[PDB]
């Protein structure tokens, strides 16, 4: 399943399209279970750098985003595993965008190439996320700006502090306590 022509990559994308925004954007434990049953092995292969060849194809690169940015957020909830492949997802998102892959998938799926930037605790990534979401507009843009505001304010996502064993600052504590 090493090449962009892999059945596995197409399977991941087919699974995502079938699930739809009903599942992409609204928490559901059955969907988490389902995603894990199908694609846990694929996640680990991607994380082991066995699927770098998927960067050759637009939809196979989308599959990489789904495995390395989305999968951990569905399937490793409440643990440091949720963030473990984020640097890899970002590295791949950058490469995919350089190849024009985000422009090659449908408008509905484009945001999955941009979410790794929203999920990074660094200002450059956040500004890049907002620029990339500008053409998508509406709620895509709103969400990118929501993330950028937290990072520009704290340099990180204070909601992660417990899981990552970081010391919460007074202003972060304030922010957390109030929403």
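Positions refer to the first chain, counted from 1.
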item: 161-169 set against 18-26, stretch whose average Cα temperature factor tops the other in the entry; value: 161-169
item: 145-153 versus 50-58 - which carries the larger mean C-alpha B factor in the record; value: 145-153
item: Relative C-alpha B-factor of residue 33, binned into the chain's lowest, middle or highest third; value: lowest
item: Position of residue 84 among the chain's modelled residues by C-alpha B-factor, lowest, middle or highest third; value: middle
item: Residue 134, C-alpha B-factor rank within chain (lowest, middle or highest third); value: highest
item: CA B-factor placement of residue 8, once the chain's modelled residues are sorted into thirds; value: lowest
